[PDB]
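J.: Got a structure for you, written out below as structure tokens; questions coming shortly.
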Protein chains: 2
Amino acid sequence: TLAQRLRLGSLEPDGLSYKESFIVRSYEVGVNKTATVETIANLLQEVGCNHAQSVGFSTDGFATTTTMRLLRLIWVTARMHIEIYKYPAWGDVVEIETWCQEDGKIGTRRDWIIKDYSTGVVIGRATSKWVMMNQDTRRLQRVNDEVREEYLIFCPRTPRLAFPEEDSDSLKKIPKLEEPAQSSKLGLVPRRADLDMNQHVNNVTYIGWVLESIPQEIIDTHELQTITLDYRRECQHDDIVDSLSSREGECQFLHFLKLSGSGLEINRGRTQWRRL
Amino acid sequence: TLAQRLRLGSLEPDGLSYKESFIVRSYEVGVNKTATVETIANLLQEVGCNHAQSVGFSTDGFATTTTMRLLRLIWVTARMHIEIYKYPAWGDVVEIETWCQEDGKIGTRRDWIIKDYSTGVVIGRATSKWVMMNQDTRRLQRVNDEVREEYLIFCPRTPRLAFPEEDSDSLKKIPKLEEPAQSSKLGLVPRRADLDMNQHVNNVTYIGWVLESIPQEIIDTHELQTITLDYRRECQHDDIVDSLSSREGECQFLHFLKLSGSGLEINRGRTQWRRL
Ligand SMILES: Fc1cccc(F)c1-c1nc2ncsc2cc1Cl
Ligand SMILES: Fc1cccc(F)c1-c1nc2ncsc2cc1Cl
């Protein structure tokens, strides 16, 4: 397709990773005169999509194989973990590599390295854990041996980890914060613009909501260094959400999104912050 | 710079208009599987900012001349008018031409043509009125003959109009909608994410707030064909917005944005809709 030809990317030599670069646009930058986390997350999704496209997945339910489509099987995000050392500026060229390895029998892990292409310096990295689910029962699966063959051709056989260090913050359990929470943002409702292709509430919306929970004093004086998010439930368009946070100039916060009425958990998270 | 070498864009020969093309990315497409209005608005900003950059304007300012810098002056939208005939799909390429001509001495008019990249068929167009504003006082300004000298070199001598037709919808005055209004979206609040470099509410957010007021039946069964938005008074980060609309297979809405507390008008608008 024309987009594959023109895009600033391509499969890498071994064909087991994808690389694409993006010119940071003027509207992508926030109060810190640099790319918002939302922007970064979007680009993580874009390169993930384009990787899938380039190995022959026919953009249906994302990353679904020919058999998965037939057996009504999909990939759902259990965890996202983003770490940014340095937010890029308007007009910077950011290179992002992404690839996918097996994650035992439960599902799949997608990683990302984020470079400033000019310097070649790593400005961020990211890792994510996904699980196979029957889209009809919404119930988890041992990854069929049929499916594994279809996708593992396009994955490195031996570990490639964006986070290869020992007790990696990326795999740390997140506990439920104790109510009442130090900070809260109450009665949040998805806006229309927050809804994706398939009418699900966008990952960037969950990110936004986590930040809404943070005290003005911290965002005025600090920048987000890491975010971790575990997803339990999809938030419906008319659902009403309370976003909570507590602590646990370099600070961490525990997060928790629940439904205002039910009290039911939508997600929980952790965010680390650096001083400006 | 590397960004300009990699952008699908360039000044035209004459140095009086700028053209840049875009691949519609995965997260830029809404429920209709086509680019959102928020993406198209964003793209119109980007191509305008890159035209500024291309004739030697610096960063930290959209088209703010050497003097404007010194006086702490910026450009703000008085009126936006967009028309889309066809929304590009995920993966499609659109070319946008943009240029800027003078609007008496109250300010400047920026216009856009949107074409399909391959064919060069017109799928959309836009025009806008901008006025100078002190970025600190947030107060509108007499356009200096000093600043006119600095920019007028890069504006075509004789009118170029994206809307060359006679009694153009783009120039028609917008009446006050009669309250109480058919449709409403109350207690809207700027998100942290809506705030730009300088800490004020993005142009695109006001468009979103207008679409929030339209009934679900319409968005489910129709596409936005045109929008006219007047910006009368700014939304502050701490302000709360009520967004109103009424009617007046092609349907129109009169719009009105006011502050929940004051009852102060910030914006008034028209939207024209086509059936999917
Ligand atoms: F898109 C892919 C191209 C090549 C190899 C892969 F493993 C994938 C893939 N990426 C995923 N990302 C999140 S779940 C998921 C599942 C798969 Cl099969
Ligand atoms: F960017 C520009 C490049 C070239 C010529 C111009 F006149 C501009 C310009 N464009 C604007 N667009 C909205 S306000 C505004 C003001 C100016 Cl001075």
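Scheme for the structure tokens: letters A, B, ... for chains in order shown; per-chain residue numbers from 1; ligand numbers from 1 in order shown.
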Show me which residues sit within 6 Å of ligand 2 when counting only C-alpha atoms and all ligand atoms, and put them as a list in words.
T.: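 With only C-alpha atoms and all ligand atoms and a cut-off of 6 Å, ligand 2 is contacted by residues 51, 52, 63, 75, 100, 108, 110, 130, 151, 154 and 155 of chain B.
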J.: Would you kindly report the residues of chain A within 6 Å of chain B, using only C-alpha atoms, as an mmCIF file with N, CA, C and O atoms, in the first residue's frame?
T.:
```
data_model
loop_
_atom_site.group_PDB
_atom_site.id
_atom_site.type_symbol
_atom_site.label_atom_id
_atom_site.label_comp_id
_atom_site.auth_asym_id
_atom_site.auth_seq_id
_atom_site.Cartn_x
_atom_site.Cartn_y
_atom_site.Cartn_z
ATOM 1 N N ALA A 3 0.892 3.798 1.912
ATOM 2 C CA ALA A 3 1.298 4.213 3.272
ATOM 3 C C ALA A 3 2.573 3.464 3.668
ATOM 4 O O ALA A 3 3.483 4.093 4.244
ATOM 5 N N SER A 26 3.222 19.872 16.008
ATOM 6 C CA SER A 26 3.070 21.081 16.846
ATOM 7 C C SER A 26 2.008 20.873 17.931
ATOM 8 O O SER A 26 2.149 21.450 19.000
ATOM 9 N N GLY A 30 2.635 19.471 25.210
ATOM 10 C CA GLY A 30 1.851 19.987 26.350
ATOM 11 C C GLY A 30 2.525 21.158 27.040
ATOM 12 O O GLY A 30 3.361 21.852 26.412
ATOM 13 N N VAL A 31 2.154 21.375 28.303
ATOM 14 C CA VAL A 31 2.538 22.569 29.119
ATOM 15 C C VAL A 31 4.052 22.570 29.326
ATOM 16 O O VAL A 31 4.609 23.641 29.624
ATOM 17 N N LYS A 33 6.196 22.016 27.076
ATOM 18 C CA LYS A 33 6.777 22.331 25.737
ATOM 19 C C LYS A 33 7.369 21.059 25.097
ATOM 20 O O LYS A 33 8.282 21.167 24.238
ATOM 21 N N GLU A 46 0.520 3.067 17.188
ATOM 22 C CA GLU A 46 0.674 3.240 15.715
ATOM 23 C C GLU A 46 1.713 2.240 15.220
ATOM 24 O O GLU A 46 1.453 1.520 14.236
ATOM 25 N N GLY A 91 9.188 18.984 16.216
ATOM 26 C CA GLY A 91 10.128 18.925 15.092
ATOM 27 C C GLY A 91 11.214 17.888 15.303
ATOM 28 O O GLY A 91 12.024 17.723 14.386
ATOM 29 N N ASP A 196 -12.721 4.946 20.477
ATOM 30 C CA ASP A 196 -11.876 4.484 19.347
ATOM 31 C C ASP A 196 -12.773 4.000 18.196
ATOM 32 O O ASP A 196 -14.000 4.132 18.301
ATOM 33 N N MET A 197 -12.157 3.488 17.127
ATOM 34 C CA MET A 197 -12.818 2.869 15.941
ATOM 35 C C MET A 197 -14.053 2.073 16.369
ATOM 36 O O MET A 197 -15.146 2.316 15.818
#
```
J.: Between atom CA of residue B:225 and atom CA of residue B:249, what is the spacing in Å?
T.: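 Going from atom CA of residue B:249 over to atom CA of residue B:225, I get 12.2 Å.
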J.: Check stretch 3-251 of chain A with DSSP on the backbone and list each residue it calls alpha helix (DSSP H), as JSON, numbers by chain.
T.: {"A": [3, 4, 5, 6, 37, 38, 39, 40, 41, 42, 43, 44, 45, 46, 47, 48, 49, 50, 51, 52, 53, 54, 55, 66, 67, 68, 69, 70, 145, 146, 147, 148, 149, 150, 151, 152, 203, 204, 205, 206, 207, 208, 209, 210, 211, 212, 216, 217, 218, 219, 220, 221]}
J.: Write a file of the selected residues as a short mmCIF file (atom, residue, chain, number, x, y, z; two decimals), in the first residue's frame, keeping N, CA and C atoms.
T.:
```cif
data_model
loop_
_atom_site.label_atom_id
_atom_site.label_comp_id
_atom_site.auth_asym_id
_atom_site.auth_seq_id
_atom_site.Cartn_x
_atom_site.Cartn_y
_atom_site.Cartn_z
N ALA A 3 0.89 3.80 1.91
CA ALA A 3 1.30 4.21 3.27
C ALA A 3 2.57 3.46 3.67
N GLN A 4 2.66 2.17 3.34
CA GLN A 4 3.86 1.33 3.63
C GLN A 4 5.06 1.91 2.88
N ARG A 5 4.84 2.33 1.65
CA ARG A 5 5.91 2.87 0.80
C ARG A 5 6.42 4.19 1.43
N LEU A 6 5.53 5.06 1.89
CA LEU A 6 5.87 6.47 2.23
C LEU A 6 6.31 6.56 3.69
N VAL A 37 2.32 12.45 27.29
CA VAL A 37 2.39 10.97 27.46
C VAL A 37 1.38 10.37 26.48
N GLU A 38 0.26 11.05 26.33
CA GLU A 38 -0.83 10.63 25.44
C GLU A 38 -0.22 10.46 24.04
N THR A 39 0.55 11.44 23.60
CA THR A 39 1.17 11.38 22.26
C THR A 39 2.02 10.12 22.16
N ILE A 40 2.86 9.89 23.17
CA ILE A 40 3.83 8.77 23.18
C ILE A 40 3.04 7.48 23.05
N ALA A 41 1.99 7.34 23.86
CA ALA A 41 1.15 6.12 23.92
C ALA A 41 0.56 5.88 22.52
N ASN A 42 0.06 6.94 21.89
CA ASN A 42 -0.51 6.85 20.53
C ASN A 42 0.52 6.27 19.57
N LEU A 43 1.74 6.77 19.65
CA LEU A 43 2.81 6.38 18.71
C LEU A 43 3.18 4.93 19.01
N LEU A 44 3.06 4.52 20.27
CA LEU A 44 3.34 3.11 20.64
C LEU A 44 2.31 2.23 19.96
N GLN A 45 1.06 2.67 19.93
CA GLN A 45 -0.05 1.92 19.29
C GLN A 45 0.19 1.91 17.78
N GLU A 46 0.52 3.07 17.19
CA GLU A 46 0.67 3.24 15.71
C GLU A 46 1.71 2.24 15.22
N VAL A 47 2.86 2.21 15.89
CA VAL A 47 3.98 1.36 15.41
C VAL A 47 3.60 -0.11 15.64
N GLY A 48 2.84 -0.38 16.69
CA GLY A 48 2.33 -1.72 16.99
C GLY A 48 1.43 -2.18 15.87
N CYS A 49 0.48 -1.33 15.49
CA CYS A 49 -0.44 -1.58 14.34
C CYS A 49 0.38 -1.84 13.07
N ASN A 50 1.34 -0.96 12.74
CA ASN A 50 2.09 -1.00 11.46
C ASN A 50 2.99 -2.24 11.42
N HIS A 51 3.52 -2.65 12.56
CA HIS A 51 4.25 -3.94 12.69
C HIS A 51 3.34 -5.09 12.27
N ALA A 52 2.20 -5.22 12.92
CA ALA A 52 1.16 -6.22 12.58
C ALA A 52 0.90 -6.18 11.07
N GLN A 53 0.59 -5.00 10.53
CA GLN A 53 0.21 -4.83 9.10
C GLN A 53 1.32 -5.42 8.23
N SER A 54 2.57 -5.17 8.59
CA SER A 54 3.74 -5.44 7.72
C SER A 54 4.00 -6.95 7.62
N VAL A 55 3.52 -7.76 8.56
CA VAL A 55 3.72 -9.25 8.56
C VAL A 55 2.46 -9.96 8.08
N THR A 66 -5.46 -15.90 11.46
CA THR A 66 -6.52 -16.31 10.51
C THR A 66 -7.47 -17.25 11.26
N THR A 67 -6.86 -18.09 12.11
CA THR A 67 -7.50 -19.09 13.00
C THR A 67 -8.18 -18.35 14.14
N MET A 68 -7.45 -17.47 14.82
CA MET A 68 -8.01 -16.65 15.93
C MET A 68 -9.32 -16.01 15.47
N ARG A 69 -9.34 -15.40 14.27
CA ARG A 69 -10.56 -14.76 13.68
C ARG A 69 -11.67 -15.82 13.66
N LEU A 70 -11.35 -17.00 13.13
CA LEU A 70 -12.35 -18.08 12.94
C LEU A 70 -12.85 -18.59 14.30
N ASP A 145 -1.83 -24.38 20.10
CA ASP A 145 -0.53 -24.63 19.40
C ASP A 145 -0.63 -24.16 17.93
N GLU A 146 -1.83 -24.23 17.33
CA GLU A 146 -2.11 -23.81 15.93
C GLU A 146 -1.72 -22.34 15.76
N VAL A 147 -2.32 -21.50 16.60
CA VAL A 147 -2.13 -20.02 16.65
C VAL A 147 -0.64 -19.71 16.88
N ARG A 148 -0.02 -20.34 17.86
CA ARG A 148 1.41 -20.08 18.20
C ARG A 148 2.25 -20.16 16.91
N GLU A 149 2.09 -21.22 16.13
CA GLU A 149 2.87 -21.42 14.89
C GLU A 149 2.67 -20.22 13.98
N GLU A 150 1.43 -19.77 13.84
CA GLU A 150 1.04 -18.69 12.88
C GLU A 150 1.80 -17.39 13.20
N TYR A 151 2.08 -17.08 14.48
CA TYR A 151 2.61 -15.74 14.89
C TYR A 151 4.08 -15.85 15.35
N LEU A 152 4.51 -16.97 15.92
CA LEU A 152 5.87 -17.05 16.50
C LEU A 152 6.94 -17.04 15.39
N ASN A 203 -7.29 3.74 25.49
CA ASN A 203 -6.12 3.72 26.41
C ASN A 203 -5.67 5.14 26.78
N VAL A 204 -5.58 6.11 25.87
CA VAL A 204 -5.08 7.48 26.24
C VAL A 204 -6.04 8.11 27.26
N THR A 205 -7.32 7.75 27.24
CA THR A 205 -8.34 8.32 28.17
C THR A 205 -8.00 7.86 29.60
N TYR A 206 -7.66 6.58 29.75
CA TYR A 206 -7.28 5.99 31.06
C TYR A 206 -6.03 6.71 31.56
N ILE A 207 -5.09 6.99 30.65
CA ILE A 207 -3.85 7.74 30.98
C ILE A 207 -4.27 9.11 31.51
N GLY A 208 -4.98 9.89 30.70
CA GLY A 208 -5.50 11.20 31.11
C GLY A 208 -6.06 11.14 32.53
N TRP A 209 -6.90 10.15 32.81
CA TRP A 209 -7.66 10.09 34.07
C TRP A 209 -6.68 9.90 35.22
N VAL A 210 -5.60 9.18 34.97
CA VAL A 210 -4.58 8.89 36.02
C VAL A 210 -3.93 10.23 36.37
N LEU A 211 -3.68 11.06 35.37
CA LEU A 211 -2.99 12.35 35.56
C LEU A 211 -3.94 13.31 36.24
N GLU A 212 -5.23 13.27 35.90
CA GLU A 212 -6.25 14.16 36.53
C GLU A 212 -6.20 13.99 38.06
N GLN A 216 -2.03 19.45 41.42
CA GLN A 216 -1.51 20.55 40.55
C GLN A 216 -0.04 20.84 40.92
N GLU A 217 0.27 20.85 42.21
CA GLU A 217 1.61 21.22 42.74
C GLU A 217 2.65 20.31 42.11
N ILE A 218 2.36 19.01 42.04
CA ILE A 218 3.28 18.01 41.43
C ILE A 218 3.39 18.27 39.92
N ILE A 219 2.28 18.41 39.17
CA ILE A 219 2.40 18.58 37.69
C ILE A 219 3.11 19.92 37.40
N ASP A 220 2.92 20.94 38.25
CA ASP A 220 3.56 22.28 38.10
C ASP A 220 5.09 22.17 38.22
N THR A 221 5.57 21.21 39.00
CA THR A 221 6.98 21.12 39.47
C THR A 221 7.64 19.82 39.01
#
```
